[PDB]
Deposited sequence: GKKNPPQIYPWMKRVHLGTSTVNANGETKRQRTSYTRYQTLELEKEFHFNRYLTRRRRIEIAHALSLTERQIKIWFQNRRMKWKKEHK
């Protein structure tokens, strides 16, 4: 099951993944349906309300749009 590449290429080098709770996810999903975009303020109040950071909320929304972009809906 082990791979033996004839040579080790750059892309081959490196570069636990916390899961969100039903509540966090449900709420985020809930917020996103109110407005696919967030204001610096709303971003902060939601981050505190869900024990998540600002970054994590920003990123969660970024990813959420990519998914919204995809699935054309």
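J.: Got a list of the deposited-sequence ranges with no coordinates?
T.: No C-alpha for residues 16 to 30, nothing else.
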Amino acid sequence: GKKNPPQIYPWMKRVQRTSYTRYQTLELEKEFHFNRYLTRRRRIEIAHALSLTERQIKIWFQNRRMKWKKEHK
From here on, numbers count along this sequence of modelled residues.
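J.: Going by the mean C-alpha B-factor recorded in the entry, which is higher: 63 to 71 or 3 to 11?
T.: Stretch with the greater average CA B-factor: 63 to 71.
J.: If you average the Cα B factors in the entry, which is higher, 23 to 31 or 37 to 45?
T.: Mean CA B-factor is higher for 37 to 45.
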